[PDB]
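Asker: I need the structure of the sequence given here:
(chains A, B, C, D and E, ligands or ions: 1)
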Amino acid sequence: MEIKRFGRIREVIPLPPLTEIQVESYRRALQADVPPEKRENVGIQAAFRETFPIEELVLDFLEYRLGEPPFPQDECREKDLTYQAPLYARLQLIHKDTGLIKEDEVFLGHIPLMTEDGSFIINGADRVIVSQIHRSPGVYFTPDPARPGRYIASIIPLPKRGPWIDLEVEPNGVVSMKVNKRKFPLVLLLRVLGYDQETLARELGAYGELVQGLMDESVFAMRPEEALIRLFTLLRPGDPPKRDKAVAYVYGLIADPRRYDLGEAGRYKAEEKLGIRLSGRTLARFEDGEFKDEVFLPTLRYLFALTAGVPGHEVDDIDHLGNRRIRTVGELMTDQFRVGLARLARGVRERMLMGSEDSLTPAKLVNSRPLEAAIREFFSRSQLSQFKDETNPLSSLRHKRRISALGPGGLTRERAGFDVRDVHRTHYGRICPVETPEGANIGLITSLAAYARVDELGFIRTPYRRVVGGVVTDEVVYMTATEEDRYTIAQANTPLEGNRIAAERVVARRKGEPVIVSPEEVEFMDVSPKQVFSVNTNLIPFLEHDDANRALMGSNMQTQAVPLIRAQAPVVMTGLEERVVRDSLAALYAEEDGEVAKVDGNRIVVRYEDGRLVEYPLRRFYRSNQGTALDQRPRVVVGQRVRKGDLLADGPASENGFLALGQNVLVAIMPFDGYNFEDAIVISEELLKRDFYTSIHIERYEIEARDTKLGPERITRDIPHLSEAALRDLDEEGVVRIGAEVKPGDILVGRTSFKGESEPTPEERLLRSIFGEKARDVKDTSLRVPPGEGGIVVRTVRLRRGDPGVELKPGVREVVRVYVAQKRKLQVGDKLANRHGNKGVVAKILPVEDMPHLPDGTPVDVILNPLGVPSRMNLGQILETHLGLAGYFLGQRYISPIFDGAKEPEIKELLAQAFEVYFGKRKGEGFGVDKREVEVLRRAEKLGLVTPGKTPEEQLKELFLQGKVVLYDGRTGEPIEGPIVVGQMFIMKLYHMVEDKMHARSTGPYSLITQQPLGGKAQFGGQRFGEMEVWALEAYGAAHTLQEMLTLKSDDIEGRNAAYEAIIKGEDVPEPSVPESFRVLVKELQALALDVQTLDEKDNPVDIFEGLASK
Amino acid sequence: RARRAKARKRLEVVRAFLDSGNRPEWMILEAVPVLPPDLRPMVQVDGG
DNA sequence: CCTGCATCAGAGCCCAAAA
DNA sequence: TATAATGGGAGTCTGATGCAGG
RNA sequence: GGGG
Ligand SMILES: Nc1nc2c(ncn2[C@@H]2O[C@H](COP(=O)(O)OP(=O)(O)OP(=O)(O)O)[C@@H](O)[C@H]2O)c(=O)[nH]1
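Answerer: Residues are numbered from 1 along each chain as shown, chains lettered A, B, ... in the order given. The coordinates are given below.
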């Protein structure tokens, strides 16, 4: 069908590569494709250059190299291996005493490599590293809350690279310095820098009472060396103030370009703010034997000038996105790399003392264990390294562009308040105002705006078009927040004739504040409305019509859309759904021009102009982290002529290259018999019949056979006391055959384990003797099927020890994996949502004969209750339906861009053209207006919907332009007493499906210490009946019900055993006994040397252990 | 006022011990109790 | 006598919780 | 069981209460 | 990080 696009906005630049924030960050850190001599000092390179040379003997760093991966990406995922490259480093050993030089290339372990789409493979699982927002290093000045006329200057370096500093000015009048939460007079530190009373008086003095308050005579009564010793006694009480020891402490804390690192952004922000230029990233220097100041005096100078009200001095807003920067993958990994390198150096210095000061090379001197652990620690356990969200291609694309304020070096949950969670004015065009979690994390986790990119310093930049005179150039400038506030920025929709601003009054911003301005005053202009919102928000058509709280739900839920076998793109798109599939890397494109030689289910072979017969294998039914099927399908035919960049295969949840998160269904908006109540949804059985909303899902099962002190676990088809009916679908070896239907209780992999000293009790001995069957040496441990799961066995992997290429963790003979698939039809309790935030569970599936239908016999698909619209204020879904109605009959799909879209009149033109096909067909087919259509028209003119005094066709078209049609109830045949809104809507099936969530337990596993039921469905747990639930039972006064919850249904052991026996014998359950978790409480208080005594009414002790604990 | 206040707080601890029958030197441990083992278990998990 | 000032103990529920 | 070796490395915000101090 |  035809695709009609609305909107007048010409976007001068396309969206940037969307995963570039990941790819570019790590490529810059490793520089693997750069020749060593040409590397800039950044990332991995910078870490080596910082840690070396290592002093005593001197070990010096030459260069590093990265090898190729031992195994390819697919292979790593299979074998539970990390995708990584071997790292080597060339080191030269120098003897500071002798002259000796031994040089060798030492192996430092492996480093994980990033794939093409911006993710990692860590132990077989695909992972994402989330960027971290934090306060930029630099020098800031904030108002002191206590004294309304004074200020604090804070010098903050990069995280873990130095202390926080506070320069409060105390009530006594002297300027104080705060380091590691301890305070002293700042004048003392100034003298150590070699400052004299003259320098401070002549430099500053202009502020009469402030500069004199810093002056303290006792401090001046000593040369720079004595003042250094004096300060050290303040910071480290009890440590003897040896001159080399004091220098070492203060140097490492202040001047050392190893223990103190301002940022590269810190240097720029400091140089720019104080109007000085920094020679390095440290606050001071050690030069010609004494200390020479860099930062401290300019920072003191700015503070006094600010307190006095000198022009050009302002306080800094700490949530401004110019003073807040992003820490990307490379930077996070490099920080952990730097820690691991410094630890290895501890091993080097300590080994340069023990064992002979001569017979050592660099290869024996280096133990790489500290480095390997730090990198492995970061990737396998950091709280920024997350399990990839790959439910559908958009899930992972969004995951990679997220920004977290949490994690190692940032806010905690308990540690976080309003200023940080707010939407700052500088978020415009940089961080999406919509896409954030609802609940406790609101505002801490956000998403990168679509046109934003992170610069080399770590500040988020956004594009704007230059405007010279009144003419808008095509030159685009990416701006930081600090630089953006200088200019006057017009809105992207301001009218244009050609390249000229066509309005006499334009809508613009100056420092985020909205302002009306004449075309003479316009310096820049927005590139597009798209630049303000995240990628998910940009996928919501008619967004200009949706309340923000609901738009949020629309964004977040597209992440949760399950790939459907029949998946289709929405009939109303925003025009981004093409780009998302392409940047995600889910689909497949042609490298150069060529002709398709072969097309298969498994592969596509293309013959290019070059003559090379490139073969593209297709990924078929691979199981993602969330168990949705990632599978690619061929879109071309043998001999098809393709150009460069044309589609070859469609990925999951994509249709002919457009993002398909759901299906397009015909919807009626109307109550239906209370099956619509409070957001529930009623659907037509026609949807299951034609396999709409069916999705494939795969669950993975695994079992190990290991060596025990009692003998080997063996995976075998021979399992004690089981009938042949039970083993039928098992192969020779005890593994289920590929292509079998397995249901709950069925054996997947047979296994036997050797019986413990529980070697059968005499009760079992006599029973076994009666039947004349020896009690077997092994017991049945077979892997089976959990309650509620099962499907078709599609694959088996078996890995033993002593087979090529495989070695398991110690003690493990063999590992078997069984992949089981299921086709899931939509059912009652599965969850649906559209892009505007209407979400609900399927409560009823009616047979097609009950569904409301159009006069021409077509039944509707979904019935949504109108009560969900007005309080929610998400109207985009309404406009989406109307344009969807026209498209149903005209056979078209639309692109309506956000904020430059299809407007109401334009949709009306399209709706009228549809009516001709819905009606004109009928008038020609020899049918006139229906009797019931008149009855509804009667009711409609009482409503003011149609104008009185027109032919039925004239009135029906009037209703059709309001998006309403006559609807017949399939139960009665009578019309709905009014015209009903009907049209095509895009609705997705989300990841929350009852099959996954239904759970129940009679009795089951218990915890070790408490003897209470376990938690969670996978453990067959019991439900938690918590403090508030007990209150509920208490307020009702249901004491025996409550007592059951506290005893027989949990940790009362004598009672719960006895209660079960009663139910199976038909007796009533016994009165409960003492709960075991109370006995634990008693014994734990005894371990604290407290005597807890249960007493009777006579004040005599009562023994709740029934004699077992007393001698 | 302050003299009467502190003698009270002290007198409350004294009276606490007096009524209860507890000896103050019991706030000092000679024998340290050890909690039963099943309450601090060493268990073999699935993997051995 | 009274007031700064520190050290301490608080910060919702249930479910997945992908180790 | 024997050259001599002699002092360490490292990280929010609220309200209530019992304390050394103009 | 995700559901109400
Ligand atoms: N205590 C608590 N409740 C939650 C949480 N998450 C979701 N809820 C529930 O979510 C529900 C929100 O329901 P709403 O749909 O906003 O109810 P409403 O007032 O009718 O709002 P509308 O439906 O838009 O009219 C509440 O009833 C909560 O019990 C949570 O994290 N904590």
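Asker: OK, now which residue of the stretch 451-600 of chain A is nearest to chain B?
Answerer: residue A:562 (31.3 Å; Cβ to the nearest Cβ). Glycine gets a C-beta too; all of them are placed from N, C-alpha and C.
Asker: For that residue, give me its contacts.
Answerer: A:391-392, A:628, A:695, A:697, A:988-991, A:993 (Cβ atoms under 8 Å, 6 or more residues apart in numbering or on different chains).
Asker: Setting aside sequence neighbours, what's the nearest residue to it?
Answerer: residue A:695 (4.6 Å; Cβ to Cβ, 6 or more residues apart in numbering or on different chains).
Asker: and what of residue A:70?
Answerer: Using Cβ to Cβ, 6+ apart and skipping residues adjacent in sequence, the residue nearest residue A:70 is residue A:86, 7.3 Å away.
Asker: what separates the residue of the stretch 451-600 of chain A closest to chain B from the ligand, distance-wise?
Answerer: Distance, residue A:562 to the ligand, using Cβ to the nearest ligand atom, to the nearest Å: 22 Å.
Asker: again with residue A:439
Answerer: For residue A:439 relative to the ligand (Cβ to the nearest ligand atom), the value is 5 Å.
Asker: State the three-state secondary structure for that residue.
Answerer: Under the three-state scheme (DSSP: H, G, I helix; E, B strand; the rest coil), residue A:439 adopts coil.
Asker: ok so, going back, in CSV: the contacts of residue A:562, plus distance to residue A:179, neighbour count and secondary structure.
Answerer: Formatted as CSV, those follow (distance: Cβ to Cβ, whole Å; neighbours: other Cβ atoms under 10 Å in any protein chain shown; DSSP: H, G, I helix; E, B strand; the rest coil):
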residue, distance to residue A:179, neighbour count, secondary structure
A:391, 49, 26, coil
A:392, 51, 31, coil
A:628, 53, 23, strand
A:695, 59, 25, strand
A:697, 57, 22, strand
A:988, 55, 26, strand
A:989, 58, 26, strand
A:990, 52, 21, strand
A:991, 50, 21, coil
A:993, 56, 18, coil
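Asker: Of all pairs in these, which one spans the longest distance?
Answerer: A:697 and A:988 (15.5 Å; Cβ to Cβ).
Asker: Dump the contacts of residue A:562 to a markdown table, plus distance to residue A:228.
Answerer: Shown next, in a markdown table, are the contacts of residue A:562 (distance: Cβ to Cβ, whole Å):
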| residue | distance to residue A:228 |
| --- | --- |
| A:391 | 61 |
| A:392 | 63 |
| A:628 | 65 |
| A:695 | 71 |
| A:697 | 69 |
| A:988 | 68 |
| A:989 | 71 |
| A:990 | 65 |
| A:991 | 63 |
| A:993 | 69 |
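Asker: Pretty sure residue A:235 sits against residue A:245.
Answerer: No: using Cβ atoms under 8 Å, residue A:235 is not in contact with residue A:245, being 11.9 Å away.
Asker: can stretch A:369-388 be found next to RNA strand E?
Answerer: Yes: counting by Cβ under 7 Å from any atom of the strand, RNA strand E has neighbours in stretch A:369-388: A:386-388.
Asker: quick one: residue A:265 is in a helix?
Answerer: Yes: in this structure, residue A:265 lies within a helix as judged by three-state DSSP.
Asker: burial count for it?
Answerer: If you count neighbours by other Cβ atoms under 10 Å in any protein chain shown, residue A:265 ends up with 19.
Asker: ok, and the closest non-adjacent residue to it?
Answerer: In space, residue A:265 is closest to residue A:457, 4.1 Å off (Cβ to Cβ, 6+ apart).
Asker: Let me see the ranges of the helices in the stretch 151-300 of chain A.
Answerer: Secondary structure of the stretch 151-300 of chain A (DSSP state H, counting those that start in this stretch): helices at A:186-192, A:197-203, A:208-214, A:217-220, A:224-235, A:243-250, A:264-274, A:296-307.
Asker: Which of those helices sits closest to residue A:491?
Answerer: Using Cβ to Cβ, the nearest of the helices of the stretch 151-300 of chain A to residue A:491 is helix A:264-274, at 29.4 Å.
Asker: how about the closest one: buried residues?
Answerer: Going by neighbour count (16 or more other Cβ atoms under 10 Å in any protein chain shown), the buried part of helix A:264-274 is A:264-270, A:273-274.
Asker: Just the residues contacting that helix, thanks.
Answerer: A:136-139, A:157-158, A:262-263, A:276-278, A:280-281, A:295, A:298-299, A:301-302, A:323, A:325, A:456-459.
Asker: Can I have the buried ones of those as a ChimeraX selection?
Answerer: Selection of buried members from the contacts of helix A:264-274 for ChimeraX, criterion 16+ other Cβ under 10 Å:
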select /A:136,137,138,139,157,158,262,263,278,281,295,298,299,301,302,323,325,457,458,459
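Asker: from the contacts of helix A:264-274, which ones fall inside strands?
Answerer: A:138-139, A:325 (DSSP state E).
Asker: re the thing from before, the residue nearest to residue A:70 - that's part of a strand, no?
Answerer: Yes: judged by three-state DSSP, residue A:86 forms part of a strand.
Asker: my guess is it meets residue A:107, correct?
Answerer: Yes: in terms of Cβ under 8 Å, residue A:86 counts as a neighbour of residue A:107; the distance is 6.9 Å.
Asker: Around chain A, which positions in chain B sit nearby?
Answerer: B:29, B:32-36, B:38-41, B:43, B:47-48 (Cβ under 8 Å from any Cβ of the partner chain).
Asker: Give me the buried subset of the residues you listed.
Answerer: Buried among these by 16+ other Cβ under 10 Å: none.
Asker: which one among those gets closest to DNA strand D?
Answerer: residue B:29 (23.5 Å; Cβ to the nearest atom of the strand).
Asker: tell me which residues of stretch A:883-896 are tucked away?
Answerer: A:883-890, A:892-896.
Asker: Give me the three-state assignment for the residue nearest to residue A:948 when sequence neighbours are not counted.
Answerer: Spatial nearest neighbour of residue A:948, excluding adjacent residues (Cβ to Cβ, 6+ apart): residue A:941 at 4.9 Å. Three-state call for residue A:941 (three-state DSSP): helix.
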